[PDB]
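Peer 1: To kick things off, part of the complex as it is:
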Amino acid sequence: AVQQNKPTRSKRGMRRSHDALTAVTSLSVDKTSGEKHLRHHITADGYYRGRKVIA
Amino acid sequence: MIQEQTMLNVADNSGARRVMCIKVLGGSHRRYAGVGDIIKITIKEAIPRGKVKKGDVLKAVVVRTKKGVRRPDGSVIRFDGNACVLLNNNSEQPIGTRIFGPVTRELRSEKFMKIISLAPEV
Amino acid sequence: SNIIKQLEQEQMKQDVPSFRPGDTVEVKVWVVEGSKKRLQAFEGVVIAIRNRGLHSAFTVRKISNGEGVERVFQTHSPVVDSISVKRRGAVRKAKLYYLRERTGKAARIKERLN
Amino acid sequence: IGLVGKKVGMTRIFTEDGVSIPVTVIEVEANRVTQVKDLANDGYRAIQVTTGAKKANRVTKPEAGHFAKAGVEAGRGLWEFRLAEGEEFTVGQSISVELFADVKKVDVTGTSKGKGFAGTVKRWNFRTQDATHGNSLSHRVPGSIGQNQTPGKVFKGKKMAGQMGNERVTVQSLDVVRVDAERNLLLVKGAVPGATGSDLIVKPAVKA
């Protein structure tokens, strides 16, 4: 319960260091269409591993 | 698995009908007694004529337990009534000349050989 | 697994009589009194059976002199000599633990005769 | 010396007289000696052993080479055992379970079953506070954790909540029942650490 006296810009920085969320840096390329997507996910148009499996 | 405040039907014909356990002997902080362990008994309900009158502190031996007794072969004997035989404090050996109901093998240990001779089964 | 099943199936005796619950069964048992090797009997109703191969067991209830005495035998132990069935009863439950509460007239059970 | 072996559950043995003894079944395949560490090179005499089997692809070149030095198949994992001065072993030598045919009591060492984040009641056998009788939001909590302004702190090695299990433990002087040569088994009495499939460093009992 409650702080004795306030932390600093520094400490508040030190804490936030780990909040930096990682990028993907791992985009797939669908074999037929050549579109980029998340690994093991379908493409936005509607492909997965060079086969249409969605309307 | 008899312990402090446990009420027991009495196996012998001494006089007591219901007997309450007040303490488990043989080691400090000891929780329970079973099989053929010694307990300290007070008598909460006696018959009129009997050898042992009501409210008498004396020792006893557990003979039957509802939780029961294990044997070497991974096999158990459960009863349907916790019970004991009364004893004479410092003297030992039972009061009652006849014993009702069965008793276990593991009670067989020299000092209680009197109980097994007088008992009907096991 | 095969490693356990090799060890279990070895030790199990290949001559058990197939009994059901609610059957009145005399079970002959070995007892040792130092150098002696006595055969006790123990007649009673089979309240429950447990099948697990080598670890199988069954509970027998008897109401001998005075009070009830529920005994649990490990079926494939050497201590159990023979399991002789007498009457076989028509009950329609696996476990008959309701026989703990009942005694005398309520405790008795119908025979199969199938 | 000692042998690495996978745990394969528990069963029991009915001894001919009567007694049913509970036994852990430890499969102990041929422990192949990879590397003989010596006082000349390392500064201590010992042997490095392995067992089981990896796939020729899941294994990494660093270890695929390491085995090729010895001239054996790539066993899954690696362990190291201390020699007893007078003993001496060779590289690329199989050790069967027949070491334990002589000895009676053994130590089994394996990783215990992980319970995760256990409370003080479970982990340290702390007594639970009164389940009723006015109690407010504090049944299974640890109570006090120190004194007052004297130490003004919590002492080190305080019994608090945290991780329980998933840690290496030894159970000592377990009696061996049977030592099977044909199927490479070892039947120790009682229960040993770790779940079925966990590895066990079995070795002769130190407390002679």
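Peer 2: It's in. Numbers count the residues shown, from 1 in each chain, chains lettered A, B, ... in the order given.
Peer 1: which bits of chain D sit near chain C?
Peer 2: D:8-9, D:11-14, D:16-18, D:20, D:25, D:27, D:183, D:185 (CB under 8 Å from any CB of the partner chain). (C-beta placed from N, C-alpha, C; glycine too.)
Peer 1: From these, which land in strands?
Peer 2: Among the residues of chain D next to chain C, the members falling in strands (DSSP state E) are D:8, D:9, D:11, D:12, D:13, D:14, D:20, D:25, D:27, D:185.
Peer 1: and the third one, what is it in contact with?
Peer 2: Residue D:11 makes contacts with C:4, C:7, C:8, C:54, C:55, D:22, D:23, D:25, as judged by CB atoms under 8 Å, 6 or more residues apart in numbering or on different chains.
Peer 1: now could you export just the CA positions of stretch B:5-24 as CSV?
Peer 2: In CSV, the C-alpha atoms belonging to stretch B:5-24 read as follows (Å, rounded to 0.1, in the frame of the first residue of the first chain):
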residue,chain,number,x,y,z
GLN,B,5,-12.8,-38.6,22.8
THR,B,6,-13.5,-41.7,20.7
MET,B,7,-16.3,-43.9,22.2
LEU,B,8,-15.9,-47.7,22.0
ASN,B,9,-18.2,-50.6,22.6
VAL,B,10,-16.5,-53.0,25.0
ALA,B,11,-15.7,-56.5,23.8
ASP,B,12,-15.3,-58.1,27.2
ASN,B,13,-18.1,-58.9,29.8
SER,B,14,-16.5,-56.7,32.6
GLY,B,15,-19.4,-54.3,33.2
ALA,B,16,-18.8,-51.4,30.8
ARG,B,17,-21.1,-50.9,27.8
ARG,B,18,-19.6,-47.7,26.3
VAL,B,19,-16.1,-46.5,27.0
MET,B,20,-14.5,-43.2,26.1
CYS,B,21,-10.8,-42.9,25.2
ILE,B,22,-9.0,-40.1,27.1
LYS,B,23,-5.4,-40.7,26.0
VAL,B,24,-3.2,-42.8,23.7
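Peer 1: Look up how far chain D lies from the residue of chain B most remote from its centre.
Peer 2: Distance from the C-alpha centroid of chain B peaks at residue B:73, with 24.7 Å (CA atoms, centre = their mean). Remark: distance between residue B:73 and chain D (CB to the nearest CB, to the nearest Å) = 5 Å.
Peer 1: Name the helix or strand for that residue, please.
Peer 2: Using DSSP states H and E, residue B:73 is not contained in any helix or strand.
Peer 1: Quick check: it touching residue D:15?
Peer 2: No - with contact defined as CB atoms under 8 Å, residue B:73 does not reach residue D:15; the gap is 9.6 Å.
Peer 1: on that earlier part again, show the contacting residues for the residue farthest from the centre of chain B.
Peer 2: Contacts for residue B:73 (CB under 8 Å, 6+ apart) come out as C:74, C:77, C:79, D:14, D:18, D:19, D:20.
Peer 1: let's bring in chain E now:
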Amino acid sequence: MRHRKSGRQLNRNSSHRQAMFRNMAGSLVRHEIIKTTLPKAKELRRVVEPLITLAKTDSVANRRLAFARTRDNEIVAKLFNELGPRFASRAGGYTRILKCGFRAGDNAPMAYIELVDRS
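Peer 2: Take a look at chain E, now in place beside the chains above:
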């Protein structure tokens, strides 16, 4: 701690959990394709595939089981008539899971679940 312990809870009380799968089976069997969350879809394999296998042996009691589960005559009619004979050679794995990004409103990993046919 859930060692060896199967079955997703999905933040729902049992009686509810058992219903939503009963709905989702009826949803999947009729349309032959669904978008739902990746866990829901993974747990949905354990409800729908049994009903497909039960439908192979075209008998009365099997209709009465396929009606004890599911609770719809329509779905029962689409089973046994179509999905009974259509899945005969195929011995298991009647449904297919395909991840389709994230549900915009709450960043939940969506997934297409559909029967292995589409023809």
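Peer 1: Take the contacts of residue B:73 again, chain E included.
Peer 2: C:74, C:77, C:79, D:14, D:18, D:19, D:20.
Peer 1: Got phi/psi on residue 17?
Peer 2: Using chain A here. phi -40, psi -40 (degrees, to the nearest 10).
Peer 1: that's the other chain; I wanted chain B
Peer 2: Main-chain torsions, residue B:17, degrees, to the nearest 10: phi -100, psi -60.
Peer 1: Would you map the helices across chain B?
Peer 2: B:113-118 (DSSP state H).
Peer 1: To clarify, my last question referred to chain D.
Peer 2: D:61-70, D:120-123.
Peer 1: Repeat that for chain C.
Peer 2: Counting by DSSP H, the helices of chain C are C:2-11.
Peer 1: can you list the residues of it near chain B?
Peer 2: So chain C meets chain B at C:31, C:57, C:64-74, C:77, C:79, C:100 (CB under 8 Å from any CB).
Peer 1: Of those, which belong to strands?
Peer 2: C:31, C:57, C:69, C:70, C:71, C:72, C:73, C:74.
Peer 1: returning to what we had before: what about chain D: which of the residues of chain C next to chain B touch it?
Peer 2: C:74, C:77, C:79.
Peer 1: residues in contact with the second one?
Peer 2: Shown in contact with residue C:77 (CB under 8 Å, 6+ apart): B:73, B:74, B:75, D:14, D:18, D:20.
Peer 1: if we take those residues, which one ends up nearest to residue A:17?
Peer 2: residue B:74 (59.3 Å; CB to CB).
Peer 1: wait, doesn't the closest one sit right on residue D:12?
Peer 2: Yes - using CB under 8 Å, residue B:74 is in contact with residue D:12, at 7.1 Å.
Peer 1: Now the common contact residues for those two.
Peer 2: With CB under 8 Å, 6+ apart as the test, residue B:74 and residue D:12 both reach residue D:20.
Peer 1: mind checking the SS state of the residue lying closest to residue A:51 once chain neighbours are set aside?
Peer 2: Here the nearest residue to residue A:51 in space, its sequence neighbours aside, is residue A:32; by CB to CB, 6 or more residues apart in numbering or on different chains that works out to 7.8 Å. On the three-state scheme (DSSP: H, G, I helix; E, B strand; the rest coil), residue A:32 is labelled coil.
Peer 1: mind checking how far residue A:32 is from residue B:109?
Peer 2: Between residue A:32 and residue B:109 the computed distance is 86 Å (CB to CB, to the nearest Å).
Peer 1: The residue nearest to residue D:203 when sequence neighbours are not counted: neighbour count?
Peer 2: Closest residue to residue D:203 apart from its sequence neighbours, by CB to CB, 6+ apart: residue D:2 at 3.4 Å. Using other CB atoms under 10 Å in any protein chain shown, residue D:2 has 21 other residues around it.
Peer 1: onto the same structure, RNA strand F please:
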RNA sequence: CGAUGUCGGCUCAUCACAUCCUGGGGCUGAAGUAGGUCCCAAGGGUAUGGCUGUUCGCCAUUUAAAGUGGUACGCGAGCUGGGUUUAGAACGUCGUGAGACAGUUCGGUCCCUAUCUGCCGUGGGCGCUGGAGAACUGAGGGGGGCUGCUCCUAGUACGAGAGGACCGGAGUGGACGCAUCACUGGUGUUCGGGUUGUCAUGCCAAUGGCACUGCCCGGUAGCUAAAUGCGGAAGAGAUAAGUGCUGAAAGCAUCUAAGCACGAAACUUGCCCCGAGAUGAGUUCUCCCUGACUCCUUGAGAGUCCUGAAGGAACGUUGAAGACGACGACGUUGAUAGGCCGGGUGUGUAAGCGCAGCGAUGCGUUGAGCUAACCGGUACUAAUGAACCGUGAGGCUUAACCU
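Peer 2: If we add RNA strand F to the chains shown above, we get the following:
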């Protein structure tokens, strides 16, 4: 005094030694059994109940023992609120009275999501000087250390008798701890069955919903204790009190001043765990990398193209791993999960049809059907070709020797 919450109980402890037990000793008004007091010894252990708000105390029954203290008369941002100190009310007493009394009596809101230190866990970062994967060593740190009863020696020594050992050896208990699920049980709203009320699937039959899982009865896997295993060590070294052995100063005597030997649960090891961030960043093994060029404050200089391996990450399938990270297994050259198949287990003779009976209901096909987490097989489904990170022989000064 711009608040440091006051007794007692619970939980959790920790230290001291002025030691209650256990251990080692001297003297004894010590025959032995048991004591008495004193010395050394803090490793471990050190009741449950009745009465009272109690601390304490008394009592009952145990125990090897039921130690004395410190720690804000330890511990209320950990719990309680019986007591003492708010407002109500009464008795006794005091007061003309309002009211008053460590006099008694009945009733009387206990707030706080943790910034920092600390502590228990658990990661990320960089470092450890070419990079990577392993396996160790062990500085150091922690855990553990309790003990009864029963026999054997032996009814032996001792003792006129009664009673009755030391020193060693074996078995079996209690308490505490560690592990584990084979057994014994618990649990098991995810398995099977019975059944009450009522709605629904057109209705009969059969199912399902809802009533705390509607109520119940059994129960697989898991977890688990009351269940079953194992543990405290023996041994060495250096010691305390104490016991000694030779031996002057003091032609003797003395355990000591030189010298030499025993001597306890304490101390240091032995047993177990963490452990090289042990920056003093240790070792052994294996793996991986050997191409040009101008510019020049010719500097462990910086770039240009060519090259990016070992390995790793991520993503996926996931786990007896797990809050999240992490940790382990598996990714088609594949049993990692799901399914399916065959068991196993569990529940107890499904459904429909036929016969019996007026009907409820019974009987036959029938130990049937249905069976979650279980075991063994089987690629049917899902674990993707690749992209991403990670480079191109490793500074100097000395030293020991092959060209």
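Peer 1: Repeat for the neighbour count of residue D:2, accounting for RNA strand F.
Peer 2: Neighbour number of residue D:2 under other CB under 10 Å is 21.
Peer 1: what's the helix or strand for residue E:62?
Peer 2: helix E:60-68.
Peer 1: and residue E:78, that one's in a strand?
Peer 2: No - under three-state DSSP, residue E:78 sits outside any strand and is assigned helix.
Peer 1: does the closest residue to it other than its chain neighbours sit in a helix, a strand or a coil?
Peer 2: Excluding its sequence neighbours, the residue lying closest to residue E:78 (CB to CB, 6+ apart) is residue E:29, at 5.4 Å. Using three-state DSSP, the structure places residue E:29 in helix.
Peer 1: pretty sure residue E:29 contacts residue E:83?
Peer 2: Yes - using CB under 8 Å, residue E:29 is in contact with residue E:83, at 7.1 Å.
Peer 1: Tell me if residue E:1 really is in a strand.
Peer 2: No - counting by three-state DSSP, one finds residue E:1 to be coil, located in no strand.
Peer 1: wouldn't it be in contact with residue D:115 here?
Peer 2: Yes - contact criterion CB under 8 Å: residue E:1 and residue D:115 qualify, at 6.2 Å.
Peer 1: For those two, indicate the residue with more neighbours.
Peer 2: residue D:115 (14 against 11).
Peer 1: shouldn't the more buried one be in contact with residue D:162?
Peer 2: No - applying CB under 8 Å as the test, residue D:115 and residue D:162 come out as separate, 10.7 Å apart.
Peer 1: What about residue 48, how many residues nearby?
Peer 2: Here I'm looking at chain A. 20.
Peer 1: My question was about chain D, not that one.
Peer 2: 17.
Peer 1: Surely it and residue D:31 touch.
Peer 2: No - applying CB under 8 Å, one finds residue D:48 not in contact with residue D:31, separated by 10.3 Å.
Peer 1: and residue D:50, what is it in contact with?
Peer 2: D:4, D:31, D:32, D:34, D:67, D:72, D:74, D:75, D:76, D:77, D:78, D:79.
Peer 1: now those in TSV, with neighbour count and distance to residue A:5?
Peer 2: Conversion of the contacts of residue D:50 to TSV gives the following (neighbours: other CB atoms under 10 Å in any protein chain shown; distance: CB to CB, whole Å):
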residue	neighbour count	distance to residue A:5
D:4	26	57
D:31	24	62
D:32	21	64
D:34	24	60
D:67	20	61
D:72	17	65
D:74	21	60
D:75	22	60
D:76	15	56
D:77	11	53
D:78	16	54
D:79	17	54
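Peer 1: ok, and which of those reach RNA strand F?
Peer 2: For RNA strand F, the contacts drawn from those by CB under 7 Å from any atom of the strand are D:76, D:77, D:78, D:79.
Peer 1: Closest one to residue E:18 out of those residues, please.
Peer 2: So of these, ranked by how close each gets to residue E:18 (CB to CB), first place is residue D:76, at 42.0 Å.
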